[PDB]
Amino acid sequence: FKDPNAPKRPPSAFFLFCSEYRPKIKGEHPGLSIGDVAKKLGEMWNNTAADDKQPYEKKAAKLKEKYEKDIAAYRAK
């Protein structure tokens, strides 16, 4: 009975980035703390050229156009 209404909203712009830059650092650092992981990721991200953030923000825009597509019927709380 998967209610078509009940949707899912995009995560954080940099969350989509974390998964990408998480193995690189954690790779050479198989002991990062959830704090470090997200902190450093935040640094590289923050440092990521605005033009390089395109794929990520753009991605969110793809599933977003899809989101609001059926939400018009769903609610908001």
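All positions are counted from 1 along the displayed chain.
A Cβ is built for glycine as well, from the same backbone N, Cα and C atoms used for every other residue.
Here Swiss-Prot flags 7-75 as DNA-binding region. If you look up Swiss-Prot, you'll see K2, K39, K40, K53 marked as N6-acetyllysine, on the strength of similarity to another entry. Residues annotated as phosphoserine in Swiss-Prot: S12. Under the heading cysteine sulfonic acid (-SO3H), Swiss-Prot lists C18, citing a curator's inference as support. Annotated region 'Cytokine-stimulating activity' per Swiss-Prot: 1-20, in sequence order, evidence recorded as similarity to another entry.
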Collapsed DSSP category at the residue listed as 'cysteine sulfonic acid (-SO3H)': helix
Same chain, 6+ residues apart, C-beta under 8 Å of the C-beta of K40 (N6-acetyllysine), given in sequence order: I25, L32
Structural state census, the DNA-binding region (7-75) (DSSP three-state): 49 helix, 0 strand, 20 coil
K53 (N6-acetyllysine) versus modified residues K2, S12, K39 - nearest by Cα: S12
CB contacts for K2 (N6-acetyllysine) [other CB atoms within 10 A, all chains]: 5
